[PDB]
């Protein structure tokens, strides 16, 4: 197993991409801290799937944008399993608005979760990360295709791309790798809830996807396993677009 004996944290693993990543890491032997914000039921369902398949996982509720919660998410890994090897910064929210319609709350909610939450959780985790550890930030293909009416959200993911590059260099001497995955449109709880599935944006994106379908959470999960594993030992500071060819 590619991650035998390792411990991973996946933020926002009660739904969507994060849930798929948690299950996939556990399938390769990692014990997984499954973080949720509002959906304990979703996280418990993911933990039960992992444990019924023979793996180890534990649920932890916490808002990554709150310093004490980010710390407690990380402490859960150390207290439960004694070590930390892999951090997947997946928690994230998205809302579109044209420039005229942007409000302060629309801006702060997305930047606080999608950027400050990445920084706070990584800051808490790095004390426990040693040579060969792997930090995986879930960014978005919007940093390449920058759709209209996404200035705030695409802004958050542009920040994540740059933070990924900074920390790859900053943590290089400690041999901690830092990489991003930039998904295309993925069918998730969130893209249904946001009305993105079924929208004109979805139709446009689908038509421009070379491989001819929308993405699924497991399309991202298998790339996260790769980046978490030693097979990516010589990759750091990369941004892997996983969109079926759209960029």
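Positions refer to the first chain, counted from 1.
- The stretch with the higher mean CA B factor, choosing between 193 to 201 and 41 to 49, is 193 to 201.
- For the pair 22 to 30 and 181 to 189, the record assigns the higher mean C-alpha temperature factor to 22 to 30.
- When the C-alpha B-factors of 135, 115, 129, 171 are read from the PDB record, the largest value belongs to 129.
- In this entry, the residue among 165, 82, 98, 158 with the greatest C-alpha B factor is 82.
- Compared with the other modelled residues of the chain, the Cα B-factor recorded for residue 221 ranks in the lowest third.
- Per-chain ranking of the deposited C-alpha B factor places residue 176 in the middle third.
- Among the modelled residues of its chain, residue 149 has a C-alpha B-factor that falls in the middle third according to the deposited record.
- In the deposited entry, the Cα temperature factor of residue 4 sits in the top third of values across the chain's modelled residues.
- Per the deposited record, the Cα B-factor of residue 76 falls in the highest third when ranked against the other modelled residues of its chain.
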